[PDB]
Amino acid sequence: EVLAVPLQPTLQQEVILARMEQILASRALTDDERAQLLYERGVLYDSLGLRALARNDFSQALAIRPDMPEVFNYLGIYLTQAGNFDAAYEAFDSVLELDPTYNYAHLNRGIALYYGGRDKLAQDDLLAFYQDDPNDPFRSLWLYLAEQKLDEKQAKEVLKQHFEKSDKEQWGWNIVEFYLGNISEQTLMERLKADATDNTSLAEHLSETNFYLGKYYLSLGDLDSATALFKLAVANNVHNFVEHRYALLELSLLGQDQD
């Protein structure tokens, strides 16, 4: 196996929480900047895996200034994690009504529609988000997952193109290359070790690659390998990676087949 030390709360992270915890108890603040900090702290809480406490700070942000697309972004994500895709859609619509260039709303809404059984609607969003940056290999990967449900044959030809016409620079294209059959899973992991630098980097590489390997095996109907790989993806505590969140949701839908 390739394993990292699971990531742990850094002292910077813990120090900032304690400061904020008190900058927010001292009533010396605009509404507009009390709201900016409550958002800043939810992102910190979120990055630690403390989604309930972040949902709390984000709701307190929008009760003060409902103008904020960034906050609807997270509210929608949590709603996607929770299984409530209807409400998720509502939140991301809000995001792109308040700011229509907020691209990452397209990815999150697209994923949300993916888990919510609406593939064709997911494709529209995931392709908008692809076309915002065709060099980012994960934008190709998410679109693949959404296509491979109706037409695997097409999904593969399209990924192949997305890869061919990209500059093939960023790590993620190695995951893409294995989906395409160019490189074995053996080689995929050789290149992972090679590309990783420190343990924080190794955890990030493993969070991603375990989720995509996870999704891959689940295609073949290998629930056992999928399950192992989702668990190992989550075992890096890269709490705010989409692959983390969605390896947990995947795991949750597999702890609802056996019941």
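Quick note: we count residues from 1 along the sequence shown, nothing fancier.
Comparing 154-162 with 83-91, the stretch with the higher mean C-alpha B-factor in the PDB entry is 154-162. With 74-82 and 167-175 compared on mean CA B-factor from the PDB entry, the stretch scoring higher is 167-175.
Across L143, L96, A128, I111, the entry's maximum B-factor at the CA atom is seen for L96. As recorded in the entry, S26 carries the highest CA temperature factor of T227, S26, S219, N210. Compared with the other modelled residues of the chain, the Cα B-factor recorded for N236 ranks in the lowest third.
Compared with the other modelled residues of the chain, the Cα B-factor recorded for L254 ranks in the middle third. In the deposited entry, the Cα temperature factor of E33 sits in the top third of values across the chain's modelled residues.
Sorting the modelled residues of the chain by their CA temperature factor places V43 in the lowest third. Looking at the C-alpha B-factors along this chain, the one for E243 belongs to the lowest third.
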